[PDB]
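Trainee: Following this line is coords29.txt, made up of compact mmCIF, N, CA, C and O atoms and all ligand atoms:
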# COMPACT_ATOMS: atom_id res chain seq x y z
N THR D 1 103.75 -46.50 31.19
CA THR D 1 103.62 -45.05 31.10
C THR D 1 104.50 -44.36 32.14
O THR D 1 104.37 -43.16 32.37
N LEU D 2 105.40 -45.12 32.77
CA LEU D 2 106.25 -44.56 33.81
C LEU D 2 107.11 -43.42 33.27
O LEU D 2 107.19 -42.34 33.88
N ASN D 3 107.77 -43.64 32.13
CA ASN D 3 108.61 -42.59 31.55
C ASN D 3 107.77 -41.35 31.25
O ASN D 3 108.21 -40.22 31.48
N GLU D 4 106.56 -41.56 30.73
CA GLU D 4 105.65 -40.45 30.46
C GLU D 4 105.33 -39.68 31.73
O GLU D 4 105.36 -38.45 31.76
N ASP D 5 105.01 -40.41 32.81
CA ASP D 5 104.68 -39.74 34.07
C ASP D 5 105.86 -38.92 34.57
O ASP D 5 105.69 -37.79 35.03
N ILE D 6 107.08 -39.48 34.50
CA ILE D 6 108.26 -38.76 34.98
C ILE D 6 108.47 -37.49 34.15
O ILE D 6 108.70 -36.40 34.69
N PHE D 7 108.40 -37.62 32.83
CA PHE D 7 108.59 -36.46 31.96
C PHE D 7 107.54 -35.39 32.22
O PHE D 7 107.86 -34.20 32.26
N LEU D 8 106.28 -35.79 32.38
CA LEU D 8 105.21 -34.82 32.59
C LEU D 8 105.34 -34.13 33.95
O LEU D 8 105.11 -32.92 34.06
N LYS D 9 105.67 -34.89 35.00
CA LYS D 9 105.82 -34.29 36.32
C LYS D 9 106.99 -33.31 36.33
O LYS D 9 106.88 -32.19 36.86
N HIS D 10 108.11 -33.70 35.73
CA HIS D 10 109.24 -32.79 35.64
C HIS D 10 108.90 -31.57 34.80
O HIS D 10 109.31 -30.45 35.13
N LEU D 11 108.12 -31.75 33.72
CA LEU D 11 107.72 -30.62 32.89
C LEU D 11 106.83 -29.67 33.65
O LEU D 11 106.96 -28.44 33.53
N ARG D 12 105.90 -30.20 34.45
CA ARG D 12 105.08 -29.36 35.30
C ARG D 12 105.95 -28.53 36.23
O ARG D 12 105.76 -27.31 36.38
N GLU D 13 106.91 -29.18 36.89
CA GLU D 13 107.79 -28.46 37.80
C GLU D 13 108.58 -27.39 37.05
O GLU D 13 108.81 -26.30 37.57
N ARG D 14 109.04 -27.71 35.83
CA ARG D 14 109.78 -26.74 35.04
C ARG D 14 108.92 -25.52 34.72
O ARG D 14 109.41 -24.39 34.76
N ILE D 15 107.65 -25.75 34.39
CA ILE D 15 106.75 -24.63 34.11
C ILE D 15 106.56 -23.77 35.35
O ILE D 15 106.63 -22.54 35.29
N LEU D 16 106.35 -24.41 36.50
CA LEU D 16 106.20 -23.66 37.75
C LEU D 16 107.47 -22.87 38.07
O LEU D 16 107.39 -21.72 38.53
N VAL D 17 108.64 -23.47 37.86
CA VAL D 17 109.90 -22.77 38.12
C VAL D 17 110.05 -21.58 37.18
O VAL D 17 110.50 -20.51 37.59
N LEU D 18 109.71 -21.77 35.91
CA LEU D 18 109.75 -20.66 34.97
C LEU D 18 108.86 -19.52 35.44
O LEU D 18 109.26 -18.35 35.42
N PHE D 19 107.64 -19.84 35.88
CA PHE D 19 106.72 -18.81 36.35
C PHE D 19 107.27 -18.09 37.57
O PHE D 19 107.17 -16.86 37.69
N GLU D 20 107.84 -18.84 38.52
CA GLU D 20 108.41 -18.24 39.72
C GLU D 20 109.56 -17.30 39.38
O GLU D 20 109.65 -16.18 39.92
N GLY D 21 110.43 -17.72 38.47
CA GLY D 21 111.50 -16.83 38.04
C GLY D 21 110.99 -15.59 37.33
O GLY D 21 111.48 -14.49 37.57
N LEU D 22 110.00 -15.76 36.45
CA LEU D 22 109.45 -14.62 35.73
C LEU D 22 108.83 -13.61 36.69
O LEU D 22 109.01 -12.40 36.54
N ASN D 23 108.11 -14.10 37.70
CA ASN D 23 107.51 -13.21 38.68
C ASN D 23 108.57 -12.50 39.52
O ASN D 23 108.44 -11.31 39.83
N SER D 24 109.65 -13.21 39.90
CA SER D 24 110.73 -12.54 40.62
C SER D 24 111.37 -11.44 39.77
O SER D 24 111.64 -10.34 40.27
N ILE D 25 111.62 -11.73 38.49
CA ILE D 25 112.26 -10.74 37.63
C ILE D 25 111.37 -9.52 37.48
O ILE D 25 111.82 -8.37 37.58
N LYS D 26 110.08 -9.75 37.23
CA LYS D 26 109.15 -8.64 37.07
C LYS D 26 109.06 -7.83 38.35
O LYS D 26 109.04 -6.60 38.31
N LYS D 27 109.00 -8.51 39.50
CA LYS D 27 108.92 -7.79 40.77
C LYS D 27 110.13 -6.88 40.94
O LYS D 27 109.99 -5.72 41.34
N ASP D 28 111.33 -7.39 40.65
CA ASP D 28 112.51 -6.55 40.81
C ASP D 28 112.46 -5.34 39.88
O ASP D 28 112.73 -4.21 40.30
N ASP D 29 112.08 -5.56 38.62
CA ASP D 29 112.03 -4.45 37.67
C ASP D 29 111.00 -3.40 38.10
O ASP D 29 111.26 -2.19 38.03
N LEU D 30 109.83 -3.86 38.53
CA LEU D 30 108.80 -2.95 39.02
C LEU D 30 109.30 -2.17 40.22
O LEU D 30 109.04 -0.97 40.34
N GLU D 31 109.99 -2.84 41.14
CA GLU D 31 110.53 -2.14 42.30
C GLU D 31 111.48 -1.04 41.86
O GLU D 31 111.43 0.08 42.39
N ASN D 32 112.34 -1.33 40.88
CA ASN D 32 113.28 -0.32 40.39
C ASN D 32 112.55 0.89 39.82
O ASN D 32 112.88 2.04 40.14
N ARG D 33 111.55 0.64 38.97
CA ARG D 33 110.85 1.76 38.32
C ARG D 33 110.00 2.54 39.31
O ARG D 33 109.92 3.78 39.23
N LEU D 34 109.37 1.85 40.26
CA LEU D 34 108.61 2.53 41.30
C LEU D 34 109.51 3.39 42.16
O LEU D 34 109.16 4.51 42.52
N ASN D 35 110.70 2.88 42.53
CA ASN D 35 111.62 3.68 43.32
C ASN D 35 112.06 4.92 42.56
O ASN D 35 112.15 6.01 43.13
N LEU D 36 112.32 4.79 41.26
CA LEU D 36 112.66 5.96 40.46
C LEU D 36 111.54 7.00 40.49
O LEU D 36 111.79 8.19 40.75
N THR D 37 110.30 6.58 40.23
CA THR D 37 109.21 7.55 40.20
C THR D 37 108.99 8.18 41.57
O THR D 37 108.74 9.39 41.68
N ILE D 38 109.07 7.37 42.63
CA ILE D 38 108.84 7.91 43.97
C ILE D 38 109.93 8.91 44.33
O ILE D 38 109.64 9.97 44.90
N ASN D 39 111.19 8.59 44.03
CA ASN D 39 112.27 9.53 44.30
C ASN D 39 112.07 10.82 43.51
O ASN D 39 112.32 11.92 44.03
N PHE D 40 111.65 10.70 42.25
CA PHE D 40 111.36 11.89 41.46
C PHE D 40 110.30 12.75 42.15
O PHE D 40 110.43 13.97 42.26
N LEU D 41 109.22 12.12 42.61
CA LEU D 41 108.14 12.90 43.21
C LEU D 41 108.57 13.52 44.53
O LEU D 41 108.16 14.64 44.85
N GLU D 42 109.38 12.81 45.31
CA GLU D 42 109.89 13.37 46.56
C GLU D 42 110.82 14.55 46.31
O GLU D 42 110.75 15.56 47.01
N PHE D 43 111.70 14.44 45.31
CA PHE D 43 112.55 15.57 44.96
C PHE D 43 111.71 16.75 44.50
O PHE D 43 111.99 17.90 44.87
N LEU D 44 110.66 16.49 43.72
CA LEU D 44 109.79 17.57 43.28
C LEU D 44 109.10 18.23 44.46
O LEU D 44 109.02 19.47 44.53
N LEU D 45 108.60 17.43 45.40
CA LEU D 45 107.92 17.98 46.56
C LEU D 45 108.87 18.83 47.40
O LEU D 45 108.53 19.93 47.83
N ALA D 46 110.09 18.32 47.63
CA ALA D 46 111.07 19.07 48.40
C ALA D 46 111.45 20.37 47.71
O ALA D 46 111.56 21.42 48.36
N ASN D 47 111.65 20.33 46.39
CA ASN D 47 111.98 21.55 45.66
C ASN D 47 110.85 22.56 45.73
O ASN D 47 111.09 23.76 45.92
N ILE D 48 109.60 22.10 45.60
CA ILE D 48 108.47 23.02 45.67
C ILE D 48 108.39 23.65 47.05
O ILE D 48 108.13 24.86 47.19
N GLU D 49 108.59 22.86 48.11
CA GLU D 49 108.52 23.41 49.46
C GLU D 49 109.65 24.40 49.72
O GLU D 49 109.44 25.44 50.36
N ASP D 50 110.86 24.10 49.23
CA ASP D 50 111.97 25.05 49.35
C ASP D 50 111.66 26.33 48.58
O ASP D 50 112.04 27.43 49.01
N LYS D 51 111.00 26.21 47.43
CA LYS D 51 110.61 27.38 46.66
C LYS D 51 109.52 28.17 47.37
O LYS D 51 109.38 29.38 47.15
N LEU D 52 108.72 27.51 48.20
CA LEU D 52 107.66 28.20 48.92
C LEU D 52 108.18 28.90 50.17
O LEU D 52 107.67 29.97 50.53
N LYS D 53 109.17 28.32 50.86
CA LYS D 53 109.66 28.97 52.07
C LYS D 53 110.32 30.31 51.77
O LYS D 53 110.26 31.24 52.59
N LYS D 54 110.93 30.45 50.59
CA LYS D 54 111.56 31.71 50.19
C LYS D 54 110.50 32.76 49.87
O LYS D 54 109.97 32.81 48.75
MG MG D 101 108.02 -24.02 42.23
Using structure tokens, write down the structure that the file contains.
Mentor:
Amino acid sequence: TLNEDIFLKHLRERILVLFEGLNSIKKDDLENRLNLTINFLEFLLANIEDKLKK
């Protein structure tokens, strides 16, 4: 069963690597979208405050 053990252990590692890559990709995409929304809200806040000082 040696060949079986090698294939299964490598397959486990491949699954873990796939999960690690998927989580990295999702984290980057989430960071991008969060930065967009946060910048939008900061621009809105700054514009509102500039509109209030006048
Ligand atoms: Mg790993």
Trainee: Kindly work out which residues sit at most 7 Å from ligand MG 101 (chain D), using all atoms listed in the file, and give the list as a list in words.
Mentor: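 Sorted by chain and then by number, the residues are residues 13, 16, 17, 18 and 20 of chain D.
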Trainee: If the box runs along x, y and z of the file and leaves 8 Å on each side of range 23-39 of chain D, what are its centre and edge lengths in Å, one decimal, as JSON?
Mentor:
{"center_x": 110.4, "center_y": -1.1, "center_z": 41.0, "size_x": 21.8, "size_y": 42.0, "size_z": 23.8}
Trainee: Do you have the CA of residue 42 in chain D-CA of residue 30 in chain D distance handy?
Mentor: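 Those two atoms sit 18.0 Å apart.
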Trainee: Between CA of residue 22 in chain D and atom O of residue 9 in chain D, what is the spacing in Å?
Mentor: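 Distance between the two atoms: 17.8 Å.
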Trainee: Tell me, in Å to one decimal, how far atom C of residue 39 in chain D is from atom C of residue 51 in chain D.
Mentor: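 A separation of 18.0 Å between them.
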